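Accompanying notes for the structure given below.
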Amino acid sequence: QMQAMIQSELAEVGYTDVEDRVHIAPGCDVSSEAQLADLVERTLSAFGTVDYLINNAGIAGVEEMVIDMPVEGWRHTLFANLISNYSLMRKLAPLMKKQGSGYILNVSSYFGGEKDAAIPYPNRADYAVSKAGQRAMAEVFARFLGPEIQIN
Amino acid sequence: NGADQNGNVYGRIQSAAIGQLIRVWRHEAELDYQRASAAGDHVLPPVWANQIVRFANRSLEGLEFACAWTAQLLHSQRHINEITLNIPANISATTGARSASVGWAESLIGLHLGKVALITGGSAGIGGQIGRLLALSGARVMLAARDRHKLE
Amino acid sequence: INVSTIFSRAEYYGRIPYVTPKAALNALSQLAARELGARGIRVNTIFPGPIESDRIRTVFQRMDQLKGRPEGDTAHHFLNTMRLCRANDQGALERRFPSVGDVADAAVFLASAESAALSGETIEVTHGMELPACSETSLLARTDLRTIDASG
């Protein structure tokens, strides 16, 4: 539905051949490494080298107390919100550093904290820690991924 | 005949001949496409042809305008019922701008039309850049600083 | 006096080698009239329509087969293009082909000294063929090249 509405808007605004400008790779659950690799290969086959990686996929989490949180939920939240970011960064970095340009943007949240200033957010420790981990990953890999690839 | 600034008669005879050719050719391809559609065969849509006249130009920027319209008719979805398209002798029909063009700002103009902005210390540097760039956006700018010469 | 053909400005099928040089001949007639005005030789052009003849009937049938249409549709269309009715052998008004005598009378008009004040004009022996004189415009707006994609 989103693809149809987007291509309708693109056709309205004067673009040509909207079907070759918006592809879909649905059914890819972010919680599986194999599905991440499948998404990477699908995008590479469809459009070639990918410049922008907008990592936005993220769930609320276990939605419980820390003292009522099973460890499996902790692992699932880390895999969905934190591990997948570095996985997709690893898979998409070689092309961006090969072509000399690239940008990855990770969707963080205010309720996770800030440099030298933390923010509590009860019932939701996993979301906050994962979000601050995403922010830390960006702030620390900015040095090594540069100057060819941006991270934010 | 991109040739200009001299007047041409062979150019006119070529224009008439090519225009008649385009008219009859479009009719041919149109009825041929209806024949193919009646036959149900998946055949290319009717050949679309046009002519671009230039001799009727006295200025220098005529060639770039003609090339731009050539690309426009080649690549976009645009159709023009008429076969012959002349260029005005003096390009004073859409503002001016020489090469208009698009580069270095088209996403910027009109974003702040109707506003009034007072900027302090706009003599040079970041103040001058912000004042100029916001002025291109459609607002009214009130440049205030010390040195009169840099301000003017 | 040059006898051109009115079908030099109509949707005249399958006959580029017949229609294009006659339009070029009309342009040449205008320019030759301009140039011979200085040397004092009058130049005039006539546009006889479909003249009563066996050849034009064979031409209409050929256009019918080549269009894939029943016989007489060409005749019906070009007769619908007429405005005038002439009295037939029985005195009844009908749409019919102009005769050779009308063209001869117009030609002897143009040739004789009675048409001295005429130069480079066109007279149509057509019983009122209403056809587009020309299809021309001007490009008075600049091109929008931002939305154009020419991949592949």
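Residues are named by chain letter and number: chains run A, B, ... in the order of the structure tokens, numbers start at 1 in each chain, and ligands are numbered from 1 in the order shown.
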Kindly provide the residues of chain B that approach chain A to within 12 Å, each paired with its closest atom pair and their distance in Å to one decimal, based on only C-alpha atoms, listed by chain and increasing number, as JSON lines.
```
{"residue": "B:75", "atom": "CA", "partner": "A:16", "partner_atom": "CA", "distance": 8.8}
{"residue": "B:76", "atom": "CA", "partner": "A:16", "partner_atom": "CA", "distance": 6.9}
{"residue": "B:77", "atom": "CA", "partner": "A:16", "partner_atom": "CA", "distance": 7.1}
{"residue": "B:78", "atom": "CA", "partner": "A:14", "partner_atom": "CA", "distance": 9.7}
```
Near stretch 113-123 of chain C, counting only C-alpha atoms, which residues have an atom at most 7 Å away, once you skip same-chain residues fewer than 4 positions from it, shown as a list in words?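 Surrounding residues, per the criterion: residues 30, 33, 42, 43, 44, 45, 46, 47 and 109 of chain C.
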Export, as a PDB file, in the first residue's frame, the selected residues with N, CA and C atoms.
```pdb
ATOM      1  N   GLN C  30       7.479  30.965 -52.632  1.00  0.00           N
ATOM      2  CA  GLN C  30       7.495  32.219 -51.882  1.00  0.00           C
ATOM      3  C   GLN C  30       8.842  32.925 -52.013  1.00  0.00           C
ATOM      4  N   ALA C  33       9.426  34.248 -55.527  1.00  0.00           N
ATOM      5  CA  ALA C  33       8.645  35.462 -55.728  1.00  0.00           C
ATOM      6  C   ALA C  33       9.346  36.660 -55.108  1.00  0.00           C
ATOM      7  N   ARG C  42       6.661  38.319 -62.234  1.00  0.00           N
ATOM      8  CA  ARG C  42       5.614  37.919 -61.307  1.00  0.00           C
ATOM      9  C   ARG C  42       5.630  36.410 -61.095  1.00  0.00           C
ATOM     10  N   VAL C  43       5.409  35.993 -59.849  1.00  0.00           N
ATOM     11  CA  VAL C  43       5.385  34.585 -59.466  1.00  0.00           C
ATOM     12  C   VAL C  43       4.095  34.323 -58.703  1.00  0.00           C
ATOM     13  N   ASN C  44       3.384  33.261 -59.078  1.00  0.00           N
ATOM     14  CA  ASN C  44       2.115  32.915 -58.462  1.00  0.00           C
ATOM     15  C   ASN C  44       1.995  31.404 -58.311  1.00  0.00           C
ATOM     16  N   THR C  45       1.297  31.011 -57.252  1.00  0.00           N
ATOM     17  CA  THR C  45       1.113  29.616 -56.887  1.00  0.00           C
ATOM     18  C   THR C  45      -0.374  29.307 -56.837  1.00  0.00           C
ATOM     19  N   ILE C  46      -0.746  28.100 -57.258  1.00  0.00           N
ATOM     20  CA  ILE C  46      -2.132  27.654 -57.180  1.00  0.00           C
ATOM     21  C   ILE C  46      -2.177  26.333 -56.426  1.00  0.00           C
ATOM     22  N   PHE C  47      -3.256  26.119 -55.670  1.00  0.00           N
ATOM     23  CA  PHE C  47      -3.440  24.931 -54.843  1.00  0.00           C
ATOM     24  C   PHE C  47      -4.691  24.187 -55.291  1.00  0.00           C
ATOM     25  N   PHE C 109      -5.915  33.683 -65.396  1.00  0.00           N
ATOM     26  CA  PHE C 109      -6.018  34.905 -64.604  1.00  0.00           C
ATOM     27  C   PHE C 109      -4.649  35.336 -64.093  1.00  0.00           C
TER      28      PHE C 109
END
```
List every residue of chain C that has an atom at most 12 Å from any atom of chain A, giving for each one its closest atom pair and the distance in Å to one decimal, counting only C-alpha atoms, sorted by chain and then by ascending residue number, as a Markdown table.
```
| residue | atom | partner | partner_atom | distance |
| --- | --- | --- | --- | --- |
| C:144 | CA | A:14 | CA | 10.0 |
| C:145 | CA | A:14 | CA | 10.6 |
| C:146 | CA | A:15 | CA | 9.5 |
| C:147 | CA | A:15 | CA | 5.7 |
| C:148 | CA | A:15 | CA | 6.8 |
| C:149 | CA | A:16 | CA | 7.0 |
| C:150 | CA | A:16 | CA | 9.1 |
| C:151 | CA | A:20 | CA | 10.1 |
| C:152 | CA | A:20 | CA | 11.1 |
```
Please build the interface table for chain B against chain C with a cut-off of 6 Å, listing for each qualifying residue the nearest atom pair and the distance in Å to one decimal; count only C-alpha atoms, order rows by chain and increasing number, and write it as CSV.
```
residue,atom,partner,partner_atom,distance
B:13,CA,C:24,CA,5.4
B:17,CA,C:20,CA,5.2
B:20,CA,C:20,CA,6.0
B:82,CA,C:135,CA,5.1
B:84,CA,C:136,CA,5.1
B:85,CA,C:137,CA,5.2
B:86,CA,C:138,CA,4.7
B:87,CA,C:139,CA,5.6
B:93,CA,C:140,CA,5.3
B:94,CA,C:141,CA,5.4
```
Expected answer as a VMD selection string: helix (DSSP H, G or I) residues in stretch 15-83 of chain A: chain A and resid 18 to 20 33 to 47 66 to 68 71 to 83
Given the choices C:4, C:93, C:132, C:125, which gets closest to residue B:23 if the distance is worked out from only C-alpha atoms?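 Answer, going by the shortest atom-to-atom distance: C:132.
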Find the spatial neighbours of residue A:51, counting only C-alpha atoms, within a cut-off of 9 Å - ignore same-chain residues fewer than 3 positions away - and output them as a PyMOL selection string. chain A and resi 92+95-96+101-104
Those same residues, written as a JSON list (two decimals), in the first residue's frame with N, CA, C and O atoms?
```json
[["chain", "number", "residue", "atom", "x", "y", "z"],
["A", 92, "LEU", "N", 26.97, -3.13, 4.47],
["A", 92, "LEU", "CA", 26.88, -2.03, 3.52],
["A", 92, "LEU", "C", 28.11, -1.14, 3.47],
["A", 92, "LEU", "O", 28.26, -0.36, 2.52],
["A", 95, "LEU", "N", 30.89, -1.35, 0.10],
["A", 95, "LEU", "CA", 30.56, -0.62, -1.12],
["A", 95, "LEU", "C", 30.78, 0.87, -0.95],
["A", 95, "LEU", "O", 31.36, 1.53, -1.82],
["A", 96, "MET", "N", 30.34, 1.42, 0.18],
["A", 96, "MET", "CA", 30.42, 2.86, 0.38],
["A", 96, "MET", "C", 31.88, 3.31, 0.48],
["A", 96, "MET", "O", 32.23, 4.41, 0.04],
["A", 101, "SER", "N", 32.01, 7.29, -1.00],
["A", 101, "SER", "CA", 30.92, 8.10, -0.47],
["A", 101, "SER", "C", 29.90, 7.17, 0.19],
["A", 101, "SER", "O", 29.77, 6.01, -0.21],
["A", 102, "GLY", "N", 29.20, 7.68, 1.19],
["A", 102, "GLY", "CA", 28.22, 6.88, 1.89],
["A", 102, "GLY", "C", 27.68, 7.62, 3.09],
["A", 102, "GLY", "O", 28.29, 8.57, 3.60],
["A", 103, "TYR", "N", 26.50, 7.17, 3.53],
["A", 103, "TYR", "CA", 25.83, 7.75, 4.69],
["A", 103, "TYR", "C", 24.92, 6.70, 5.31],
["A", 103, "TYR", "O", 24.10, 6.10, 4.61],
["A", 104, "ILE", "N", 25.06, 6.50, 6.61],
["A", 104, "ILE", "CA", 24.16, 5.67, 7.39],
["A", 104, "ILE", "C", 23.56, 6.54, 8.48],
["A", 104, "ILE", "O", 24.28, 7.24, 9.20]]
```
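Here the strand (DSSP E) residues in chain B, by DSSP on the backbone, are residues 51, 52, 84, 85, 86, 116, 117, 118, 119, 120, 140, 141, 142, 143 and 144 of chain B.
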Okay, now the selection with N, CA, C and O atoms, as a PDB file, in the first residue's frame?
```pdb
ATOM      1  N   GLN B  51      10.026  19.057 -34.386  1.00  0.00           N
ATOM      2  CA  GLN B  51      11.071  19.892 -34.960  1.00  0.00           C
ATOM      3  C   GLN B  51      11.330  21.083 -34.048  1.00  0.00           C
ATOM      4  O   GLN B  51      10.407  21.606 -33.419  1.00  0.00           O
ATOM      5  N   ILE B  52      12.591  21.506 -33.977  1.00  0.00           N
ATOM      6  CA  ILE B  52      13.000  22.660 -33.185  1.00  0.00           C
ATOM      7  C   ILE B  52      13.750  23.627 -34.089  1.00  0.00           C
ATOM      8  O   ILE B  52      14.793  23.278 -34.659  1.00  0.00           O
ATOM      9  N   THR B  84       6.112  22.136 -35.291  1.00  0.00           N
ATOM     10  CA  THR B  84       7.199  23.102 -35.355  1.00  0.00           C
ATOM     11  C   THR B  84       7.163  23.984 -34.113  1.00  0.00           C
ATOM     12  O   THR B  84       6.097  24.479 -33.731  1.00  0.00           O
ATOM     13  N   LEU B  85       8.323  24.179 -33.492  1.00  0.00           N
ATOM     14  CA  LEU B  85       8.462  24.991 -32.286  1.00  0.00           C
ATOM     15  C   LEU B  85       9.598  25.982 -32.519  1.00  0.00           C
ATOM     16  O   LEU B  85      10.768  25.597 -32.573  1.00  0.00           O
ATOM     17  N   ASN B  86       9.249  27.256 -32.659  1.00  0.00           N
ATOM     18  CA  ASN B  86      10.241  28.291 -32.910  1.00  0.00           C
ATOM     19  C   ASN B  86      10.768  28.850 -31.593  1.00  0.00           C
ATOM     20  O   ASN B  86      10.128  28.710 -30.547  1.00  0.00           O
ATOM     21  N   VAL B 116      10.020  39.013   7.295  1.00  0.00           N
ATOM     22  CA  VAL B 116      10.927  40.142   7.465  1.00  0.00           C
ATOM     23  C   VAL B 116      11.989  39.734   8.473  1.00  0.00           C
ATOM     24  O   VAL B 116      11.663  39.282   9.578  1.00  0.00           O
ATOM     25  N   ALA B 117      13.256  39.891   8.098  1.00  0.00           N
ATOM     26  CA  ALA B 117      14.371  39.414   8.902  1.00  0.00           C
ATOM     27  C   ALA B 117      15.388  40.525   9.117  1.00  0.00           C
ATOM     28  O   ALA B 117      15.832  41.172   8.162  1.00  0.00           O
ATOM     29  N   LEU B 118      15.754  40.736  10.377  1.00  0.00           N
ATOM     30  CA  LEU B 118      16.818  41.652  10.762  1.00  0.00           C
ATOM     31  C   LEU B 118      17.983  40.826  11.287  1.00  0.00           C
ATOM     32  O   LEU B 118      17.824  40.065  12.247  1.00  0.00           O
ATOM     33  N   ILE B 119      19.148  40.976  10.661  1.00  0.00           N
ATOM     34  CA  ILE B 119      20.343  40.230  11.036  1.00  0.00           C
ATOM     35  C   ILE B 119      21.390  41.238  11.489  1.00  0.00           C
ATOM     36  O   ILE B 119      21.531  42.314  10.891  1.00  0.00           O
ATOM     37  N   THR B 120      22.095  40.913  12.567  1.00  0.00           N
ATOM     38  CA  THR B 120      23.131  41.796  13.080  1.00  0.00           C
ATOM     39  C   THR B 120      24.514  41.296  12.683  1.00  0.00           C
ATOM     40  O   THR B 120      24.759  40.090  12.585  1.00  0.00           O
ATOM     41  N   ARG B 140      12.765  39.630   3.211  1.00  0.00           N
ATOM     42  CA  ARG B 140      13.353  40.961   3.147  1.00  0.00           C
ATOM     43  C   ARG B 140      14.409  41.094   4.236  1.00  0.00           C
ATOM     44  O   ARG B 140      14.146  40.796   5.405  1.00  0.00           O
ATOM     45  N   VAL B 141      15.600  41.549   3.851  1.00  0.00           N
ATOM     46  CA  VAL B 141      16.776  41.498   4.710  1.00  0.00           C
ATOM     47  C   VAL B 141      17.220  42.910   5.068  1.00  0.00           C
ATOM     48  O   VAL B 141      17.211  43.821   4.231  1.00  0.00           O
ATOM     49  N   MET B 142      17.605  43.077   6.329  1.00  0.00           N
ATOM     50  CA  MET B 142      18.003  44.361   6.885  1.00  0.00           C
ATOM     51  C   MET B 142      19.415  44.207   7.441  1.00  0.00           C
ATOM     52  O   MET B 142      19.591  43.859   8.614  1.00  0.00           O
ATOM     53  N   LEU B 143      20.413  44.466   6.599  1.00  0.00           N
ATOM     54  CA  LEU B 143      21.816  44.221   6.915  1.00  0.00           C
ATOM     55  C   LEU B 143      22.345  45.342   7.800  1.00  0.00           C
ATOM     56  O   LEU B 143      22.403  46.499   7.370  1.00  0.00           O
ATOM     57  N   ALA B 144      22.755  44.996   9.018  1.00  0.00           N
ATOM     58  CA  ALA B 144      23.271  45.965   9.975  1.00  0.00           C
ATOM     59  C   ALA B 144      24.667  45.570  10.438  1.00  0.00           C
ATOM     60  O   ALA B 144      24.880  44.452  10.917  1.00  0.00           O
TER      61      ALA B 144
END
```
Quick one: residues within 12 Å of residue A:150, only C-alpha atoms, excluding same-chain residues fewer than 5 positions away - as a short mmCIF file (atom, residue, chain, number, x, y, z; two decimals) with C-alpha atoms, in the first residue's frame?
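File written: selection05.cif
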```
data_model
loop_
_atom_site.label_atom_id
_atom_site.label_comp_id
_atom_site.auth_asym_id
_atom_site.auth_seq_id
_atom_site.Cartn_x
_atom_site.Cartn_y
_atom_site.Cartn_z
CA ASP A 51 24.61 5.16 -0.58
CA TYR A 52 22.04 5.81 2.17
CA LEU A 53 21.26 3.30 4.92
CA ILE A 54 18.32 4.54 7.01
CA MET A 89 26.66 -1.39 8.78
CA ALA A 93 30.21 -0.40 4.48
CA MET A 96 30.42 2.86 0.38
CA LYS A 97 34.15 2.85 1.11
CA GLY A 100 34.32 6.88 -1.69
CA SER A 101 30.92 8.10 -0.47
CA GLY A 102 28.22 6.88 1.89
CA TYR A 103 25.83 7.75 4.69
CA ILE A 104 24.16 5.67 7.39
CA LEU A 105 21.51 7.29 9.59
CA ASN A 106 20.35 5.45 12.71
CA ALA A 138 27.62 6.30 15.71
CA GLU A 139 29.73 8.63 17.85
CA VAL A 140 32.61 6.15 18.07
CA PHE A 141 32.62 4.79 14.50
CA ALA A 142 32.54 8.32 13.04
CA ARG A 143 36.33 8.41 13.35
CA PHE A 144 37.14 5.07 11.73
CA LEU A 145 34.48 5.10 9.00
#
```
As number ranges by chain, please: the residues near residue A:18 (cut-off 9 Å, only C-alpha atoms, same-chain neighbours under 6 positions excluded). A: 6-8, 10-11
I'd like the interatomic distance between atom CA of residue C:32 and atom CA of residue C:102, to a tenth of an Å. 25.0 Å
